[PDB]
Amino acid sequence: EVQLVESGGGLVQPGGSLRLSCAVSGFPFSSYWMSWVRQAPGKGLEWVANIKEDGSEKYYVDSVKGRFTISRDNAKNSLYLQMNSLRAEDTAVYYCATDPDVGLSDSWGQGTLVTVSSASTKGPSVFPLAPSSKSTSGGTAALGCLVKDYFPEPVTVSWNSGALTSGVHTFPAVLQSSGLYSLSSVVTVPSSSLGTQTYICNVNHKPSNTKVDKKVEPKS
Amino acid sequence: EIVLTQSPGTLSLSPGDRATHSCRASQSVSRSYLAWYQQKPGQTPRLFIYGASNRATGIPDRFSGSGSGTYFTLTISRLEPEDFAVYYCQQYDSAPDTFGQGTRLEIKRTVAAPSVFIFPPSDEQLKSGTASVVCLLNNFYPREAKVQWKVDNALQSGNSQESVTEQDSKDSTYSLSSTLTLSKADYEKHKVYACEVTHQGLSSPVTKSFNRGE
Ligand SMILES: N[C@@H]1[C@@H](O)[C@H](O)[C@@H](CO[C@@H]2O[C@H](CO)[C@@H](O)[C@H](O)[C@H]2N)O[C@H]1O
Ligand SMILES: [Cl-]
């Protein structure tokens with residue numbers, strides 16, 4: 001069961017530093033070259049650095065030489081990226097990525113977003129998008145939650161504590177001119193359920209340790 | 001640096017169609033150390049092909065790779081609706097282990113008009129000085145749509161933003177949210193709030209509206 005679990009990212013001041021960790025299981029880590037790859041918002045993949053199986057050779061993109069260091073701990077099956085003198089050009093999702101010679105589809109970690117910014121974490125305001133005659137016909141109603149004014153990314157949204165999944169659309173966040181993000185999440189349900197079934201959006205903004213549950217009540 | 005140039009930048013093909021993704025290198029890539037990845041929106045890339053032609057674990061037979069030297073391809077022999085993604089090539093012969101710029105593959109389907117719904121600002125939000133009005137376009141194709149906000153029949157500009165979901169993996173549709181943002185002061189100076197939607201699937205544009213406070 002192959003797993004690569006990243007930690008150590010998040011919001012960081014320009015000029016600051018982060019230590020990224022990646023704990024690998026499910027294949028012989030110490031046999032393979034490993035790498036870090038990043039993706040700036042809305043942009044393509046960019047290779048950052050790599051390291052030989054024994055640590056003895058490593059390479060970097062020129063834009064990070066002397067301020068990023070890739071290392072590994074073969075005993076703990078872990079990969080690291082120590083990142084210094086951070087700049088907005090470094091803002092990206094960072095992935096630990098195994099040498100493609102490993103031949104495993106699931107050989108990258110889940111990604112950790114690094115946001116290089118002097119703004120503070122800020123939790124969302126959550127407002128209902130109530131169902132009404134305007135969102136309802138053909139036996140189905142649309143409803144949702146507006147998740148407004150948070151920083152940084154990301155937020156997660158669930159419905160009914162994860163019990164409701166079909167018909168859900170959670171939109172990509174938009175960055176407002178304010179420098180805060182906003183997103184909506186909507187679900188379509190049977191109009192016959194509106195009297196009977198309770199609908200709650202569960203919003204988690206880990207960066208601010210904010211959790212909000214908002215019940216979305218029908219309009220007449 | 002070995003530069004990898006992918007073509008086409010964007011590709012739209014139907015289930016059953018054969019998709020070809022090209023990757024050209026600025027110099028020869030030795031040992032066929034050329035990989036392909038599939039990335040879905042907001043998700044970790046998955047390794048699909050390694051060593052130019054080897055399938056990674058869990059990759060179906062319809063995906064194949066070929067090539068050597070300076071020219072490589074990724075083929076999807078018979079598209080399935082779950083195959084939309086950005087596909088990236090990468091060389092790992094010589095550091096830096098460069099990526100191409102990606103080919104965005106969309107799954108084409110027959111035209112599908114949106115369902116349109118308008119949501120006034122919540123009472124809770126108006127309390128605090130701002131009004132977000134949301135227009136939802138649900139389950140349509142193609143992705144291109146025009147949303148025009150009208151306030152008392154005056155065309156709005158500059159005070160809305162839109163976001164689009166990833167393609168549905170079964171029916172190949174999209175959904176779109178448009179949010180109009182006004183101050184509460186401006187909101188309360190007007191009565192009729194309307195979202196007008198123009199789309200290839202609609203024989204004529206569809207307008208959804210409400211009157212403030214009803
Ligand atoms: N400069 C190169 C580096 O960036 C490449 O990723 C690396 C890959 O070649 C590897 O070769 C070893 C043994 O020769 C093999 O086990 C690995 O799995 C290959 N991917 O080569 C560096 O020189
Ligand atoms: Cl790159």
Side-chain angles (χ1 to χ4, degrees), chain A residues 2 4 22 24 26-65 68-72 74 77 79 81 83 89-105 107-108 111 114, chain B residues 1-7 9 21 23-39 44-45 47-57 65 67-70 72 74 86-104:
Chain A
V2 176
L4 292 87
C22 170
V24 181
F27 66 95
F29 175 80
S30 72
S31 295
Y32 289 93
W33 286 64
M34 291 298 302
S35 67
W36 293 94
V37 175
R38 72 186 177 181
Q39 182 169 47
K43 302 296 193 180
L45 302 176
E46 177 178 49
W47 176 98
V48 177
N50 70 0
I51 187 168
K52 184 163 160 61
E53 72 278 338
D54 66 358
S56 66
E57 191 174 347
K58 57 219 72 150
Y59 297 94
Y60 298 93
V61 80
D62 206 285
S63 65
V64 307
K65 289 175 194 176
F68 287 14
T69 297
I70 188 173
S71 56
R72 63 196 303 155
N74 286 345
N77 295 321
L79 186 68
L81 190 65
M83 303 162 72
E89 73 181 63
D90 300 310
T91 289
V93 173
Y94 286 72
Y95 302 103
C96 53
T98 313
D99 164 23
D101 194 65
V102 74
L104 306 182
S105 61
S107 54
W108 292 30
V114 167
Chain B
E1 172 178 65
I2 302 179
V3 177
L4 301 182
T5 300
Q6 288 184 249
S7 294
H21 315 77
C23 181
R24 289 181 165 80
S26 63
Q27 55 180 280
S28 185
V29 172
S30 314
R31 306 175 296 170
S32 300
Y33 280 157
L34 194 288
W36 295 87
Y37 302 88
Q38 185 193 75
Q39 190 180 33
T44 305
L47 177 70
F48 266 54
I49 300 297
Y50 65 101
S53 60
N54 299 283
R55 297 191 188 79
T57 58
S68 63
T70 56
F72 300 83
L74 173 71
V86 178
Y87 292 91
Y88 293 91
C89 59
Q90 186 197 21
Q91 69 83 19
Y92 55 105
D93 189 25
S94 176
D97 292 358
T98 43
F99 288 91
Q101 79 282 5
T103 295
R104 194 178 307 275

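Numbered from 1 within each chain, the chains take letters A, B, ... in sequence-line order. Indexing begins at 1, ligand by ligand and atom by atom, following the structure's order. Hydrogens, waters and symmetry mates are skipped; everything else that's a heavy atom, side chains included, is used.
With sequence neighbours excluded, the residues that form a side-chain hydrogen bond (donor to acceptor under 3.5 Å, both in side chains) with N50(A) are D97(B). Legend: residues meeting salt bridge (charged side-chain N to carboxylate O under 4.0 Å, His left out) with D93(B), ordered by chain and number and at least two apart, are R31(B). Scanning for side-chain hydrogen bond (donor to acceptor under 3.5 Å, both in side chains) contacts around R72(A) gives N74(A), with sequence neighbours left out.
A perpendicular orientation is assigned to the rings of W108(A) and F99(B), their planes being inclined by more than 60° (bins at 30° and 60°).
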Report the C-alpha distance between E53(A) and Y32(A) in whole Å, list the side-chain angles of each, state the deciding distance to 0.1 Å, and finish with yes or no for side chain to side chain donor-acceptor pair (under 3.5 Å).
-> CA-CA 5 Å; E53(A) 72 278 338; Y32(A) 289 93; over 6 Å; no
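Ring centroids of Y88(B) and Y37(B) are separated by 6.0 Å or more, keeping the two rings apart.
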Please produce the table of protein N or O atoms sitting under 3.5 Å from N or O atoms belonging to ligand 1, one pair a line, distance to 0.1 Å.
residue  : atom   : partner : partner atom : Å
ligand 1 : 1 (N)  : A95(B)  : N            : 3.0
ligand 1 : 4 (O)  : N50(A)  : ND2          : 2.9
ligand 1 : 4 (O)  : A95(B)  : N            : 3.4
ligand 1 : 4 (O)  : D97(B)  : OD1          : 2.5
ligand 1 : 4 (O)  : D97(B)  : OD2          : 3.3
ligand 1 : 6 (O)  : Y92(B)  : O            : 3.1
ligand 1 : 6 (O)  : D97(B)  : OD2          : 2.7
ligand 1 : 18 (O) : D99(A)  : OD2          : 2.4
ligand 1 : 18 (O) : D101(A) : OD2          : 3.1
ligand 1 : 20 (N) : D99(A)  : OD1          : 3.0
ligand 1 : 20 (N) : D99(A)  : OD2          : 3.4

